[PDB]
Amino acid sequence: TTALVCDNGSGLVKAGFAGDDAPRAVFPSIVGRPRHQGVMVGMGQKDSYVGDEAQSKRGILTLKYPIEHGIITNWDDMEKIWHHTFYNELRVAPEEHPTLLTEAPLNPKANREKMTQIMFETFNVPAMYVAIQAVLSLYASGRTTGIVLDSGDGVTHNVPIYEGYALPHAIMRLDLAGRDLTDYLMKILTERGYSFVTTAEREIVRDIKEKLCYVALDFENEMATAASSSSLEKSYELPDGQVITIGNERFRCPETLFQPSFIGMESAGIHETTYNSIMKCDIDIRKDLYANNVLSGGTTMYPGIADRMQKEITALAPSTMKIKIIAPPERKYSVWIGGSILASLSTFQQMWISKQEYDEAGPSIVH
Amino acid sequence: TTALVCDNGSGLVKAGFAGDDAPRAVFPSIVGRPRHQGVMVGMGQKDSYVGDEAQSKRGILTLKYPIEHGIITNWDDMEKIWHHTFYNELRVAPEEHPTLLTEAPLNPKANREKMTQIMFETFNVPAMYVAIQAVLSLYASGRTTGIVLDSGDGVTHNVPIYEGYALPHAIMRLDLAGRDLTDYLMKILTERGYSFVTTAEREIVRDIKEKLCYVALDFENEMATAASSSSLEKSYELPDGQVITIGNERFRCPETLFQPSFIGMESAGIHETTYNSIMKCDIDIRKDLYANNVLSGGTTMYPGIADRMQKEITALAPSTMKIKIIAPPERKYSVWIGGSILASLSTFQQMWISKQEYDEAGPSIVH
Amino acid sequence: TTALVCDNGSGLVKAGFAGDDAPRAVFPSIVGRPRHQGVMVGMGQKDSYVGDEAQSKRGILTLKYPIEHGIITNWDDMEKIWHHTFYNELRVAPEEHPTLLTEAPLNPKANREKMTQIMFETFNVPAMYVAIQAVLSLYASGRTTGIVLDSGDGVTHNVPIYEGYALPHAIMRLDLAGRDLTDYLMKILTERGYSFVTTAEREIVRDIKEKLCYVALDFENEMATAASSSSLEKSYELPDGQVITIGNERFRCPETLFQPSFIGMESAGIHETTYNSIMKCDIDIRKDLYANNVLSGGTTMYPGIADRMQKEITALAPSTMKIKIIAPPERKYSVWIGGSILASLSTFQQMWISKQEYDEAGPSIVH
Amino acid sequence: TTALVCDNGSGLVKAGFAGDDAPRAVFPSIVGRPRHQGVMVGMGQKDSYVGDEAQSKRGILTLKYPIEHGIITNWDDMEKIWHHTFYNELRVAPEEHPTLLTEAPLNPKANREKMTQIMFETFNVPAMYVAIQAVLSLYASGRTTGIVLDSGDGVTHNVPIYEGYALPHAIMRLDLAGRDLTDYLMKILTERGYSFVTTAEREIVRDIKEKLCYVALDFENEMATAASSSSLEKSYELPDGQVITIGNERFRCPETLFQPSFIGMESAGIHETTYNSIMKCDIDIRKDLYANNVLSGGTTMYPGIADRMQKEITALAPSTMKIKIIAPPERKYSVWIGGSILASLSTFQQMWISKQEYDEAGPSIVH
Amino acid sequence: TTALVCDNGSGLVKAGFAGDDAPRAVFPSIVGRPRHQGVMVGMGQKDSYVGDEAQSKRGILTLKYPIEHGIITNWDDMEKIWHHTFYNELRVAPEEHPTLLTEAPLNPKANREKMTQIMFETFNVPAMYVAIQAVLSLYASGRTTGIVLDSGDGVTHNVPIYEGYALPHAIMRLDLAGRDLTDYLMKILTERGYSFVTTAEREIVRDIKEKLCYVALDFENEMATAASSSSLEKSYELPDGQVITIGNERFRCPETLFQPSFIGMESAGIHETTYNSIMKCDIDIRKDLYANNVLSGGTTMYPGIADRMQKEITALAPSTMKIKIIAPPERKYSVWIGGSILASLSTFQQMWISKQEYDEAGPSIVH
Ligand SMILES: Nc1ncnc2c1ncn2[C@@H]1O[C@H](COP(=O)(O)OP(=O)(O)O)[C@@H](O)[C@H]1O
Ligand SMILES: Nc1ncnc2c1ncn2[C@@H]1O[C@H](COP(=O)(O)OP(=O)(O)O)[C@@H](O)[C@H]1O
Ligand SMILES: Nc1ncnc2c1ncn2[C@@H]1O[C@H](COP(=O)(O)OP(=O)(O)O)[C@@H](O)[C@H]1O
Ligand SMILES: Nc1ncnc2c1ncn2[C@@H]1O[C@H](COP(=O)(O)OP(=O)(O)O)[C@@H](O)[C@H]1O
Ligand SMILES: Nc1ncnc2c1ncn2[C@@H]1O[C@H](COP(=O)(O)OP(=O)(O)O)[C@@H](O)[C@H]1O
Ligand SMILES: [Mg+2]
Ligand SMILES: [Mg+2]
Ligand SMILES: [Mg+2]
Ligand SMILES: [Mg+2]
Ligand SMILES: [Mg+2]
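Protein chains in written order, with the authors' numbering: chain B, 5 to 371; chain D, 5 to 371; chain E, 5 to 371; chain C, 5 to 371; chain A, 5 to 371.
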């Protein structure tokens, strides 16, 4: 019987069988629709394109993320990505497998209740479960205690966890993520003269971000590099063949995580949110949380994140105590690994919500 | 066969085999229950935590003393601590050993009668005994005559004892103790800005009390120290990493024993209770009691107690006569030592209440 | 001109005009002082509270009996009660009236000599007299011969009196009384779990004593009632709203009068003191004393006293002769009635000590 | 000469002349600072905005409460609000008027001593006084006896008061208040999809709380209303023009006062704190306190508070006795009314601390 | 001394003295170069033609806009237009006057830094300033708050402005403008048979656009007019003498602003950009922005723009709130009027960048 683990974050769907080391199908959550009405006979006609296929044909298509800041914006688009994910990648009837789904904490009740309704009614699933991302990441680490910072494309979380358990009143979500940083890198990029207006080009600048951008230890040093131009300016090649040269924009893109005042948000940077999250927790456990702070997600991948963290949190907190930050490689797939490992635990099998227990007990029993 | 000596006071259980120099198992009488409902699979689940284990995880748990001012408040919690004490620390079937238990004087009949009922029915014990604390302390001193002041966490006693015998009409109990002094140090502590609201934090301030607080010879000198801040302010470190600095609060916490008007009680300080206890005794024996006044318990541990005693009692009593105060080191375990030594005496073995003599004669035969 | 009769016993002042059937002002001899220093503007400020007024506000005030076992402990407190008694209740300048005061027999010379000094110097009195309580009670009975047992709050007396006259060598005082019995009912009460530590609460347990407690004919029957719980347990309501249930404590409180070994006194019970008092008297008169034994005071009010007396004295004395005990209702005010009737006798008017005869003859002429 | 009464609580400053029925100037204690650096010439420039003015321009400004849980967090911000309060609203030189200031009980000594230092040195005041809030509320009621529950934005108190006087050992403070309830209504609000992240939006949700939220008699009935959606969902309009519909969130916001476990605090609800406060008081006075329990402050304004109180306290306390709760309309201004009435009393004029008596006697004489 | 205000947008240079009601010199930013090499002696020879002069001789000359979408494409052409603007129209040595220059927001840093370098080095200017267009338009309106839509020939902006200040993260630029609409009217025009291939003819079709084209309230009504040909077809005369008749092309040219899908751009129309700009602003201020939305520039001149705006924005936004659109006549010169009024303000004179402060501080100090 096994199980399917489906990590539905904005920007990437990671899906695959439980008990395995990595997800098999990893593709973007995009639903491409042709921008220009096309006059051929034979072509497509392909009214809708989905996932990596939409990535193949960006210059025709208007790309549309169905999921924004963790919240599902357009339901039938979502449904398309799931249907494509199941039959065209994993090759599987959902009626043969319980399915573990993922979601951000502190997220509107509509996402659980509609999600579950889709999975039972539209696909037919013998049982399923929807879990909090950060707990899955924490299982992937191999640890029971720690404060998780999960930064994906839609959303960034802090979830403190002590000896199992959890602290819901210290959970802190923040909308800063790969999508905000890509748009911020758009408008900062345009100051060199490089104009990326369209959805398709957004995905190009996502690529630039993913390769080139790094997090400076001290911002001022980056400013000095911008002042004298040596290793900081790097050449990147577009798909067209043009050459972009980016200097300070390389490192002032991800500086937004520490200084959200660059986007015009009053929310304190990710270091003050993690420290703030530690503050709201009981005086006893803070030492462990400081020692054990875990990183997950695509927007933790920027070289130089962990070191700046271990500067900034060490400047906020009392010096007397050790702040080890644990950011393991293969952290982008931490949530999916944790969904896998959780599905392979036998003590979890009682917790699946059954197709039957759903029809009789309602939508109210997902929580 | 030997025997088990179990010293059940509020705050600490001291237990071990008779005929030995110290108790082996010494842990707090706390029953931790998780405050926040924890979402993991595998964790615990550990609906109840007990003793030192509850101390390990204070920031999750709501700590609950099962015993308050010597009186047993919650019976099944007590039972848990005993069951944990026997099988998880002393490693012993109670059916192999007579068991000597302890209790404060002047204490409601419900504690003897329910206690004994638990020990015979729930654990099965071949015989047991429940003794008055101060008499046990007096055996530990190696002496037959003296007036015992036993200050534990729940309660403070004076028991005058002359040439063996006892004087029940001069026995005086007083609810001032480590628990009242910890709460008083809470609210006085909050005047520096340090806010300790929770049960877990109470145990932190118990730790502060145990290390830092001392009893001033004269209160006025302490006030002068508070006025010019030199040795009186000491730094203490929390488990978090924060630094607390406490000046006059160091010595005005235990001043409450001499001035219970700080808690709003009309009861005269411990020096006027000991002197008052001496007054109610026959004119013949007072000289011995004054010479031989013994100290026991955790709340006698504050540096500077004995000297202030030997000031204050010397100011109450007629000057013509010697007031020696005997406070031996290792006095916190005086009651347990006295239970040990008593269990090793052969002339005491007739006085055990037998499982058989209990079933036939009733609950009324504990007294 | 008339006269003032002032019955100053510990616990209650009974005062009023002579020639009248009862005292008008009857209130407790207490001097209330605020325990907690009060921050308002307007309140009181009322540094001292006295009498029934102090009874109105017990939970603020520390109550202090100025008179202990008949002996005056604190003089300026006494003075306060008298000054309040005169101007705030009887509404009278003491310079208009001779004043008859009361005192226990066998009582230190300081009480007569200081009392008289206060009445002449501080209040100004044209003449006064201080009388032995039991003689006043005997006048109240309407009889010339008898042995009086007067049990008040401070003290219990036996005074044998034959055909007028008196026998000073058979007068026997004993410190057992409402105050000792209230404290004894405190510590016996605490065995149900009911903890009354404070002066204010003492007055609550005085109330319990006054309503509920009775004197058992045979103690053993009371023990049997304690064994099977039927009419012996009665509900009493505190001022708070809590419910106290008291079983054997109802009747073993006043059993202390017959068995002072409950307080740890060697003094023989009130029945052996009355019998002993009869023994020290001349062989001729004993028959009358046995026939005519009179009761007075608040601590004679317990239902069942007279019958137990007429058991116990009948078991001590030779059976051949009638022991009638005379305990009239309205016996609590026997001493005050006797002071009234004595002040109305014309043959007594020569015996007043004049303000003038005092200044010239000294303090030595009170005796 | 008159006097100024200044009620400085977190969230609202109530100030005005003494002897008057209401405060004239009532505005929020906020210090607005522009978030985005503004490029105009002429604008403002207005580096700091204060009070109602900051409320006019929330979308530009970062709002900052200078006072948190009664404790002053940022001193120069405070100073700004006072300076604005005096010259821009009351129109008055402080050198013409003694000034009565307010503060929460049990509050760090730094607030009195720095406050007083500011008022004498920075403004110059001929004399001033700093009073405990609950006593002022109690004067406003027109009563001398009662237990005050004062819930403002920073903090909630219970202060029992008997016949004037006070009981400091029964005073109980609790950090639950309009500020905690607003943040709790934030995160519960976000489950409908309504995302309020910023300080400015916090003040919008404060407005929602103030209009719509009520306290349920029984929580379960509220749950039933949430289950079938009829009168419980109400429409509220934002300043933008969007429509928010809130159902169960209306009444489960203020349920936090009775169940602080919703915020993750172990502190017992406001009903168990008031009952607990009654318990620590002397047995004599509890009946009055139960009869006379007074309410004050903005966080007592929720419709349905008094009735739930008179359910819950009646379930804790012994049924035999009347629990009247007195919550007068115009209770939000109870503290300020009480400061007024106190300043108009002539017997209070001796208690002002003089500018002179301050310079000579120190900062230590505020207490 | 006064000042020069130079509004350099693509298509028209508006220049003149500050403190005046309109610009004196208004001519096209074109640099004409002869297409055919001309064989005469005496003619010209006039290797370069500039401005209105180039307009006089279009059929010989290749017209070349030096500035494209706000970005300066060819620097020495620009320089020519400035040099012609100064000496041949305004008649002025730039060394006598500070000069205020204009530029679009979000525009590459090269334009500020090179512009300033030209003005100081090539012309010599005692001081200058480069301002954001929309702020200048907002000063021209006489208002401090509003969201400006500035549509010129190169570029269209939305800049929201609140109470002075600004919101850089909500500023949105869009390349749709008179130049794109003229080319779109070219290719749509060619469907009647009218072939305009050349740069010179582009300026003819710009003229057609400026006179004849209007913005339809509803596009469908325009389609109906196209269907039955009555008032919608209008005759226009070319400079040659030929007659063009244009029906639906009159109104479907400017429909491109609302539907950029006509040019093949995915960018949402000007109504969704203005609404989107309102969305990114803080919830507090949106109402003002909706009330106060301002129009500026040549591509706002089409009759019927404001009404379609006040349809379309009213269909996007919540109906409950008033959307007034302010489009004043003489709005084409709004930016220049605002530059004038700003130069006449004395509080702005500190903000001029001095020739001296430039040489010492660098090119980096323009920002
Ligand atoms: N190597 C990288 N360097 C920096 N940013 C990255 C990198 N890889 C991806 N990202 C960013 O992180 C996002 C993917 O993170 P992911 O954890 O997969 O999000 P989610 O799980 O919510 O889909 C992308 O949208 C991208 O912007
Ligand atoms: N070193 C110390 N200094 C002062 N107080 C102490 C110290 N050790 C413990 N105590 C206090 O005394 C208590 C323990 O006394 P103990 O005699 O063990 O009580 P019990 O026998 O009733 O458990 C603690 O609760 C603590 O508050
Ligand atoms: N009805 C009663 N039942 C039993 N005890 C009583 C009763 N009335 C009062 N007493 C006790 O007797 C005392 C009062 O006796 P009283 O003769 O007035 O003493 P005195 O004359 O010395 O003041 C009280 O203190 C109380 O304890
Ligand atoms: N009508 C109301 N309904 C419920 N809550 C209110 C209402 N009015 C104000 N409050 C809450 O109470 C607070 C104001 O109380 P207040 O007594 O003025 O506090 P303080 O005196 O400490 O400033 C506000 O912060 C708000 O959250
Ligand atoms: N009366 C009009 N009707 C419609 N379009 C016009 C009209 N006047 C000029 N325009 C268009 O607007 C442009 C000029 O706008 P302007 O604000 O002067 O741009 P900029 O300030 O960027 O030079 C021209 O290129 C033309 O296409
Ligand atoms: Mg993720
Ligand atoms: Mg002990
Ligand atoms: Mg008497
Ligand atoms: Mg208040
Ligand atoms: Mg323009």
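Beta carbons: idealized from backbone N, C-alpha and C, even for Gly.
Collapsed DSSP secondary structure at residue i in the structure displayed
i	result
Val134 of chain D	strand
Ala170 of chain C	coil
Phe90 of chain A	helix
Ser300 of chain D	strand
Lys359 of chain B	helix
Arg116 of chain E	helix
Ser52 of chain B	coil
Spatial neighbours of residue i in its chain, beta-carbon cut-off 7 Å, leaving aside the 5 residues before and after
i	result
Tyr279 of chain D	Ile317, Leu320, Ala321
Contacts around residue i, its chain only, beta-carbon distance under 6 Å, and the 5 residues preceding and following it disregarded
i	result
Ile212 of chain E	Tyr240
Beta-carbon separation (whole angstroms), residue i vs residue j, contact threshold 8 Å
i	j	result
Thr103 of chain C	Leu8 of chain C	4 Å
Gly63 of chain E	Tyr166 of chain C	6 Å
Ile267 of chain D	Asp184 of chain D	6 Å
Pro32 of chain A	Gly13 of chain A	That belief does not hold up - the Cβ atoms of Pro32 of chain A and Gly13 of chain A are roughly 11 Å apart, past 8 Å.
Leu94 of chain A	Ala144 of chain A	Between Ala144 of chain A and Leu94 of chain A the Cβ distance is about 21 Å, and since that is not below 8 Å, they are no contact.
Segment limits, alpha helix (DSSP H) that includes residue i
i	result
residue 3 of chain E	No answer is possible for residue 3 of chain E: it lies beyond the span of chain E, which begins at 5 and ends at 371.
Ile309 of chain E	309-320
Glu100 of chain A	No alpha helix (DSSP H) holds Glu100 of chain A; DSSP gives it neither H nor E.
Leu185 of chain D	182-193
Beta-carbon contacts of residue i that lie in its chain and below 8 Å, excluding the five residues immediately before and after
i	result
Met355 of chain C	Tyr133
N-terminal and C-terminal residue of the beta strand (DSSP E) that residue i is part of
i	result
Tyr240 of chain E	238-241
For this session: Quick one: which residues of the region 240-262 of chain D get their C-beta closer than 9 Å to a C-beta of chain B? List them in chain order.
Result: In summary, the residues of the region 240-262 of chain D whose CB is separated from some CB of chain B by less than 9 Å are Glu241, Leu242, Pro243, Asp244, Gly245, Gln246, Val247, in the order they occur in the chain.
Exercise. Taking Cβ-Cβ distances below 9 Å as the criterion, which residues of the region 263-275 of chain A are in contact with chain B?
Worked result: From the region 263-275 of chain A, only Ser265, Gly268, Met269, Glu270, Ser271 have a Cβ closer than 9 Å to chain B.
Exercise. In chain order, what residues of the region 165-197 of chain D put their CB closer than 8 Å to some CB of chain C?
Worked result: Taking 8 Å as the Cβ-Cβ cut-off, the region 165-197 of chain D approaches chain C at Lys191, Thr194, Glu195, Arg196, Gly197, given in chain order.
For this session: Using a Cβ-Cβ cut-off of less than 9 Å, list which residues of the region 295-326 of chain A approach chain C; keep chain order.
Result: So the close ones are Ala321, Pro322, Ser323, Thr324, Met325.
Exercise. What residues from the region 99-123 of chain A come within 7 Å of chain B, judged by C-beta to C-beta, listed N to C?
Worked result: Flagged, chain order: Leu110, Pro112, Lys113, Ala114.
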